[PDB]
C-alpha cells in the first residue's frame, strides 16, 4: 500500500483527533450561536483614523480605542442603505456568525454596537492588507507559498463545514494577511448555515461553482470548488476561467475543461482537476473520505497540518509593518464624515444586532 504501519497508524490517529477537536468546537459554537453577544462598546470610545476599504453598505475604517490606544478595523454600515439593498438578514447573520466562531484564521469581532444611523462591527485590524494586492504585485506565488495559504483555507473550511456553515465568497480580495504572514478570512456576508442544500445565486463570477451557475440546489462542495479556483489563481497569477463578460466566464466554468500553465507541477494539476470537477460525485471534499482526500493529496505531502494550525510554520512572506497603526498595505480612499442622526432609523429591523 502507500503507507507502512507507522505512517498509517499516525495518519489514522491524526484523523480521529480532528474528529474529536471538531466535536468540541461545534459544542462551543452552538452555545454562542444561541446566546449572541451585544452592545460591547460605543462610538466615542474610538478615534477614526483612515478608510481601509469601502462597500455598497458602508466602509471599513482604522480606529484607535481611546482608553487603550489599541487599533481596530471598524466596519460601519448605514442602516437605511442596508434596508434599501435587501441585506438585513445577511447583516444580522454576519454578526451572529462572527461572534460565535473561533478559529486562528477567522477574523475576530472585538466589539459591536449601533446608534441612530449605523451598525458598527469592530474587528481585529489585520495590517498586512489583502492577498489580492500582494498577488497582483508579485504576479504569482510559488507553489510552496501558495500551499502555505491553501492549507490555512483547507483547515478553515474543515472547521466551518463541521458547523454546517458554507462560506460562499472565497477569493483573494477577502483574505487579509496578518503581521505574522498568516491569513485572516473576512466577510461572512454570504455565509449560511446549511446542513443539506441551498439555492441562492451568490458569489463572485470567477469563483462560482457550476452547480450555482446552473441554478441547482448545492452544498458545501461549492467551497471546495472555490478553493480550486483560489489555488489556481495564487499559483498562476490569473484564475482558471476568465473573459470580458460574466456570461462567457460561466460557459467556461460549466464546460468541464481547464488548462494549466506549463510551470504547474503534476501534483498541483492533479489536485486542481479533482477540486475543479464539474461532476459532484467526483469532486474532492464531497466524497466518502471528506476533507481527507484533500489533506492526504500528494500536493500537501509536506504540509504539517497541526503546525499550520498552531502558527508554528515560518511564513513565506511577512508584510511591511512600521507600527501599530500602519495602513501602508491598504489603498487610499476618499474620506467622508460619519453623520449620526436623530432618526432611530430602522430600529425594529435591527433589534437583534
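Positions refer to the first chain, counted from 1. Only the largest set of C-alpha atoms that superpose within 1.5 Å between the two forms is called the rigid core.
J.: Taking RMS over all structures and residues, which stretch has CA atoms farther from the shown form in 8 other deposited structures of this protein, 268-276 or 243-251, after a rigid core fit?
T.: Once the cores are fitted, 243-251 deviates more in 8 other deposited structures of this protein.
J.: Superpose by the rigid core and compare 187-195 with 151-159; which one moves more, by C-alpha RMS, in 8 other deposited structures of this protein?
T.: Higher average C-alpha offset in 8 other deposited structures of this protein goes to 187-195.
J.: On average, which has the higher Cα B-factor in the deposited entry, 145-153 or 68-76?
T.: Result: 68-76.
J.: Would 105-113 or 132-140 have the larger average of its C-alpha temperature factors, as given in the entry?
T.: Taking the mean C-alpha B-factor of 105-113 and of 132-140, the larger value falls to 105-113.
J.: Among 303, 286, 292, 42, single out the one with the highest C-alpha B factor in the record, please.
T.: Answer for 303, 286, 292, 42: 42, with the highest C-alpha B-factor.
J.: From 184, 265, 200, 245, which pick has the Cα B-factor that tops the rest in the entry?
T.: Highest C-alpha B-factor among the listed options: 245.
J.: Could you tell me which third, lowest, middle or highest, the C-alpha B-factor of residue 297 occupies within its chain?
T.: CA B-factor rank for residue 297: lowest third.
J.: Select lowest, middle or highest to describe the third in which the CA B-factor of residue 49 falls within its chain in this entry.
T.: According to the entry, residue 49 has a C-alpha B-factor in the chain's highest third.
J.: Should residue 277 be placed in the lowest, middle or highest third of its chain by the C-alpha B factor in the entry?
T.: As the PDB entry reports it, the C-alpha B-factor of residue 277 lands in the lowest third of its chain.
J.: Using the B-factor values recorded in the entry, state whether the Cα atom of residue 309 falls in the lowest, middle or highest third among the modelled residues of its chain.
T.: Lowest third - that is where residue 309 ends up once the chain's C-alpha B-factors are sorted.
J.: When the deposited Cα B-factors of this chain's modelled residues are ordered and cut into thirds, is residue 161 in the lowest, the middle or the highest one?
T.: Answer is lowest: the recorded C-alpha B-factor places it there.
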